[PDB]
Amino acid sequence: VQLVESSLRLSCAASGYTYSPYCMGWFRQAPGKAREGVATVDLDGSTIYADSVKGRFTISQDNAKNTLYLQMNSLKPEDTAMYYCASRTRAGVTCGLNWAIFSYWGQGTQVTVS
Amino acid sequence: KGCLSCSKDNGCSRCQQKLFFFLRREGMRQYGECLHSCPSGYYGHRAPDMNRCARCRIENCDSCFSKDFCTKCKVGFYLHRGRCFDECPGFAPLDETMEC
Amino acid sequence: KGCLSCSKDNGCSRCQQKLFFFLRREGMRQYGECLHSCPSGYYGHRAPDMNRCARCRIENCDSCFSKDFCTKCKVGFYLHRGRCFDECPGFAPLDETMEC
Amino acid sequence: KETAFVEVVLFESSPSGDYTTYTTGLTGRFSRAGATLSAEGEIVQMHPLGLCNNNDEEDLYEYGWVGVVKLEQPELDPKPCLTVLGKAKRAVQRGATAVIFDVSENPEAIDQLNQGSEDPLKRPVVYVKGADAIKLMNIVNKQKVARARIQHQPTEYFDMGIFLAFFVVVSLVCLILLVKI
Amino acid sequence: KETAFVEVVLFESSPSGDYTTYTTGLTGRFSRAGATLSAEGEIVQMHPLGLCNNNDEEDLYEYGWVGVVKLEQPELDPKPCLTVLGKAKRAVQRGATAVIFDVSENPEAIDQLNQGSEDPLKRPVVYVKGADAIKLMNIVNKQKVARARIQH
Amino acid sequence: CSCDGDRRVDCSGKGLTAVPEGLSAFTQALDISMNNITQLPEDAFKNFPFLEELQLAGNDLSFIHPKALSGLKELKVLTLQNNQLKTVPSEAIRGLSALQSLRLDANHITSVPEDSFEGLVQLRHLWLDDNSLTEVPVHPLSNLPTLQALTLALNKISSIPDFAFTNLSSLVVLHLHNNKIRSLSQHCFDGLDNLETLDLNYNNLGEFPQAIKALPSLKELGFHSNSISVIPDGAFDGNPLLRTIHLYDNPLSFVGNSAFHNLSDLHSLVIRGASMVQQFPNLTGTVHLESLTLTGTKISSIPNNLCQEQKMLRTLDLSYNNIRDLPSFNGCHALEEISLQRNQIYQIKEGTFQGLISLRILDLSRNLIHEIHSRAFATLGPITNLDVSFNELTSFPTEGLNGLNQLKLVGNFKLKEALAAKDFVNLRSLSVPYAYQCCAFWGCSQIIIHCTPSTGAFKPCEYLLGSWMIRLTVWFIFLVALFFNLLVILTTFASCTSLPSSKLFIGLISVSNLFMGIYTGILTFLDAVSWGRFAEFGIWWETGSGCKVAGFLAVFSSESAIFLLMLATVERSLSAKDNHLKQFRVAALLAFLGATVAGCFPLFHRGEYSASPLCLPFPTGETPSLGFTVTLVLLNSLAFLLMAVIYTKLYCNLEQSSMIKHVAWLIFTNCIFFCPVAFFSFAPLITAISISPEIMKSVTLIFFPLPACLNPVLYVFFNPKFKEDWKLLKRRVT
């Protein structure tokens, strides 16, 4: 059930996930700060984007390979942070940018403007 | 400390934004201090101006949720709902957990 | 009442030579009385002017013949010779009589 | 020989912080054997035989108690352990802040204290006789806890000097006689 | 406004009675809020926020406790729970016989007390400022028990 | 950390940034409160399988791994209060079946996840007060059937929907006090049985909620600081076991005559601001009151059956009503304090306070009570204080008042009877209306008595004049003034032939000072008749017309003398410059009229002379009629300055001599004897300087009438005109 993670296109893979990826999402963490959601994708394909994110970033989920891709463009120096991908197998809650619903988190990669 | 004024002998009068004010007394002197949580036998009343830490009044109580609710009663009694009882009426008194 | 004067308020002052004199205090008032034997926690020091029932000063002693020699000590201590000890140096601490 | 005013204070000690206070009054007299100043404190009785240095060890009290002592009959103890002033100073030693002797049955104690002016005492010592002492004893017997309390100008020059403003007119009389005789 | 002589007496006693007492006097200006008469009792410090009738009950003190309240700068407390006279009367209700205010930091308390003559108080109210106030606070901080006696 | 023997590890304040290691696995209480922890890694507490109480109270925590708290099945208390969690950690606290207390009160929680609080089958204490959420988490709370205490105090909940706490069947205490609640639906408090404490203090309630009818076991209800105005009858029908109501500081208008009906266990009722209430509440079925307080209403009667029930009643506050009659207080043996101030009470009956032991404090202030029965206190127990201030009393009883300690009668001005100190033996603080009444108590015998209106020296207890020195000084000053002024008048008016202006002024000044002599004689005779007993006559003298007569006499004499001196100086100036007897007589008549008007001004005024038995307004009184005192002082100063500058110009432009010398002597002596009177008049209002009242009174007495006894002697023995006129009189009589 482990979830692996890696202008850039962050690629996250659901290697151990069984089925029904419900309400996947991407979060960014500043040093010594909370984790803030940047993009949330529902199982129906609906997308919720952060106010400081919408337009600049794009999300795309493919259940055939069970991979979530977060494409990033026009990287301002405010985008330097540790990015994680999070997922929640069991359903029963409303989607969003909250970090208290996802039951599985990735290792996350550090991204800086380059 | 974590307070605002902290005079030398009168103690810290004005506390932080999210802390409790408690008036410790030793011998003849009485000075205030700022605590994240109330000590034993006290309950915290949160107010927008100054959150205070007041003393419990329910008898036989060691730590209280509020003025009339004891979270953990003393050794010699069992807590039925929020009050100490030497012999609760209904339910098993002890249950090896001091709860009825 | 085993005395000579026995004033209403001050109490019985001139006790008989065969009776110990005792000073009883409760609250503000304090009076004098005549007792055949010292009560618990006191030793009978007979004096020519008047027989006193003086306060005991040997530690942990219930009844003492003198201010130093304790006749009956407390339950938590045993008398080696005349003094309370929690652990005597010799003889069994208990001896089935709470003495050593 | 100031007329000491002795007021006893009785407090109800009501629940919460309220106390409630009632006051009763009487009058005794300061004795030259002791100082003369107002003082108050927790009133405690003292049996006369209890005030003796001969006792090897006695119970102690918190500092600041006003001692009420009713002197015995003068012939009751032909060989007292101490004199009246001796008992007073012993009580002051034993943590007292004052002494209130009752001399209803011992009139000569007043004379002893007054003659004892050669040995003044720093804390005030009052003596009370008669109905005042009787009611004080009644209060101390009937009550549990109380608080005893004891309490006690060169303008004449500016009045006599007013004679100057009218005796200046004697100079006017002298000036009148100057043109006369 | 008679300068009242306030004498602190620190006592250490002895195992056989014969209390050992050491005295230290000072002078404090009287106030028009209360009467002009003697007072004596064990000293007890009180926090300025410790005298507020908001709490129904805080704790019980023995009668005759001579209270000491050290005022703080008025701007630090924009909305005091009670005025200085209100604090004095609350302390008197608590069982006190005299309240001594250290007004070294809030001199306007002197004016408040003097103006508070509309209602006399049964027990004396004294205020102390300066070197004597510093001495009083030092004694309060250092010693563990000390009688306070007020004389006219 | 600081490991403890009782297996209670305390890492508070260590400043570490992770879970401490190297600790015994058998610990049962871990404290990580004050240090800085910002996140809990996965399996953080894997080394503490026996942990029972976790306290993260104070870290800057902002994230919890879903598996961070897994494996702590023995956990019982969790504290996360002062962290910065943005939401309830729904996924973090899953599976903690043994959890019994959760602290999340001080976090910045803004949204509760829907599936939160799942598996917490043993939770009993929840703290969520100081978060910022807008709606009650109805669905998350629906999964906690074992809850027993809930706090949502400092949140921002606008309102509560229907069936919010449906499944909280075991709730006991609910705290929503400082919330911003504006409305409550009818079925919001549905199913909350065995609820024993509800707090809705500082909400913005508009009306009284009706959900209370679904709380059969309520004991304490707090809604005091809301904006509630109406409390209709039947608002407490469904609360038979209610014990405490908090309804202070909410501005009420109408509270209903049957709001508190058949409340058996109520022990307090303090209602304020109920302006539209004009009927005593129906208290039938409520017989356990301790303190009843109905301050602001329009009540005008009290049910006579008040003391038949409520035997536990202690305090009775019914002040700001309009109460005319008073029933019989027979009964109420435990009644302690009674306040009946600011009502409109006409008379006190004999049996109103019959019996009623243990009654200590009884306030009757600010009531038009013109009649108090003679024996209305004979059968009263120990009563400490007694205030009848501002009551318009004509008499005062004595029996049964010996036990009194403080008695106050400040406002009873009409009470002119003399109190007796033989009765109030234990009296300590007395406040008589007039300062003379407190003479018998030796203001400042058996005890020390403090009198509120200070007796001082301006209200002589025994001697108006004072010592024998002042007595004889005033005596002989009056004798000299009267006799010599009368002789001068007789000699001057025996001729009635020559009328020079200077002699006219001399005669008029003598006449003016004769009245001052007369008033001084009145004072001396009053002192002589009242020797040692003047305090008895003090009230009579002040309230009677004698005070007005003396004040007039004195003021008129002084002002007449001043005006005559000014006009004499004007005439001397005119004579020096260069027929005018008619205009001078007209000016003298005008000055006499002005002096009369000035003396009569206090008569038009109210109470100016009542300052002291001296009855001279400005010397003994500075605050009353302060403007009048200032105006008179300024007018006198202007007159003296004008006469002085006129005299100076005369002596400058000029090198009948007896007239000039007499004018100079008169002006000098009048200025000398008039300056100290004004200085002492203005002395009391000067805060900086302090002068003893005895000295002030003596100075006034020895300075005011001095010219009256001085000037005639000067005119007699400093002028050959006296000898010439005496020879003329001898010729006339022979």
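Residue numbering: from 1, along the chain as shown.
This entry, so its header tells us, was determined using electron microscopy, 3.2 Å.
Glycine residues also receive a Cβ, built from the backbone N, Cα and C atoms like all the rest.
Listed in Swiss-Prot as the disulfide partner of B:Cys88, from the options B:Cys73, B:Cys100, is B:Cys100. Checking B:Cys56, B:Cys61 against Swiss-Prot, the residue bonded to B:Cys70 by a disulphide is B:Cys61. Checking each of the disulfide-bonded residues (B:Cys3, B:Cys56, B:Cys70, B:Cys73, B:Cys88, B:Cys100) against B:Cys34 (disulfide bond), the C-alpha distance stays within 10 Å for B:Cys3. Cα-Cα distances to B:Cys84 (disulfide bond) place B:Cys70 within 10 Å, out of the disulfide-bonded residues B:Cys53, B:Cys56, B:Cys70. Reported as a whole number, the C-alpha separation between B:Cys73 (disulfide bond) and B:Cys61 (disulfide bond) equals 5 Å. Of all the disulfide-bonded residues in the record (B:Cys3, B:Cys12, B:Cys15, B:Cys64), the one with the smallest CA separation from B:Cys100 (disulfide bond) is B:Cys64. Residues within less than 8 Å, Cβ to Cβ, of B:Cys12 (disulfide bond) and separated from it by at least 6 positions along the same chain comprise B:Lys1, B:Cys3, B:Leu4, B:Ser5, B:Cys6, B:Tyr31, B:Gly32, B:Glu33, B:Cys34.
Sequence-distant contacts of B:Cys38 (disulfide bond), defined by Cβ-Cβ distance under 8 angstroms and a gap of at least six in the same chain, are B:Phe20, B:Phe22, B:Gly44, B:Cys53.
Proximity to chain E (Cβ-Cβ distance under 8 Å) holds for none of the disulfide-bonded residues B:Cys38, B:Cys70, B:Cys73. In this structure, the C-alpha atom of B:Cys70 (disulfide bond) lies 9 angstrom from that of B:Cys56 (disulfide bond).
Across the structure, B:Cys64 (disulfide bond) and B:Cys15 (disulfide bond) are spaced 23 Å apart at their Cα atoms. A separation of roughly 42 Å, to the nearest angstrom, links the Cα atoms of B:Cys88 (disulfide bond) and B:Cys15 (disulfide bond). Using a 10 Å Cβ-Cβ cutoff, B:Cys56 (disulfide bond) registers 21 neighbours. Least packed by the Cβ count within 10 Å, out of the disulfide-bonded residues B:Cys15, B:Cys53, B:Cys61, B:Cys73, is B:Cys53. Just so you know, the Cβ of B:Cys100 (disulfide bond) picks up 19 other Cβ atoms within 10 Å once every protein chain is counted.
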